[PDB]
């Protein structure tokens, strides 16, 4: 079939507003977690989050941004970055049936959905709601709000799968190219950050609550004292392109997507079975004749999740386990945007030959012994990398990226 590569990337995360700032953070093992007065004031127990430190005011045309929620905004900015980074101009990607977009979010826009209901219940009713809430709150917001202004004519929809959302978007973009339907597909996603959505995770005891006094230490994947993930927001976009098309235009190729796994646990609603992850990674590794040098785990810093994934990793690789680090210990978990942002962190590590450190591991978990968990920025010539993304509903996604021969 057709080979697929990544020729551009864009990102807005808790550790950087572009790939340069992100690279700097990854290398330094810098945390993007800060104290949130908003979460505290809402009555939550978790008072920390991975927020985007950027004033998006006036960065998007007024007539365009009026239909957008934060998830769409973060993704839109990420896409602008990706387009430039890919060296693409309007004449090449706009009004072109061979160019599409697949990007989504985990929950659309809880903030505007609540805004809509709150306004409607007010004395002005419909007049207070306004005519822009639907595009801001609908689940497809991220794809709709980008495909329209960027004049995309190809495929256009969002894939949603909880914390695996943007990982499946990328995988599906790869499939569109392998099917020969598209030459280029912008893939990724975004997720807003707000108490409206965060309080639901706190309500199920999934968020960290014992480290509010020391925010940068809250997310501590694999640490024996971890107590839940740190919610984060942001966006990310990658330019997925057919190999010949990319070579023909002299594009800059970060890596080739040589593996994509998507499976289902068919077990628990909010807990991983591990069995699904094993099949997902094996699927992504099928046909890959090179060993996995680095593995960017899902590792959101949860008691069960963290170790369940490691057990799955041991089952897949056995004794030949790759180097592992959970970037979430620095950035927090951006839910729907986690898949693309982590794929990007992995691509930056591959591009710059280094392994980001898995921070805040003061006491390694016993069930994490016998594995190579990197806790310090390590320079190394990586060739093949793997990134895992798991979401509620037993949904699993795995991406394997490899450098292209010279």
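Positions refer to the first chain, counted from 1.
- Of the two segments, 5-13 and 21-29, the one listed with the higher mean B-factor is 21-29 (C-alpha atoms only).
- A summary of the deposited B-factors shows that, of 76-84 and 118-126, the stretch with the larger mean C-alpha value is 118-126.
- Highest C-alpha temperature factor among 341, 69, 375, 46, as the PDB entry reports it: 375.
- The residue among 199, 133, 271, 167 whose C-alpha carries the highest B-factor in the deposited model is 271.
- When all modelled residues of the chain are sorted by CA temperature factor, residue 275 is found within the highest third.
- The deposited CA B-factor of residue 242 belongs to the middle third of values across its chain.
- Residue 396 sits in the lowest third of its chain by CA B factor, as recorded in the PDB entry.
- In the PDB entry, a CA B factor belonging to the highest third of its chain's modelled residues is recorded for residue 293.
- Sort the modelled residues of the chain by CA B factor and residue 217 lands in the highest third.
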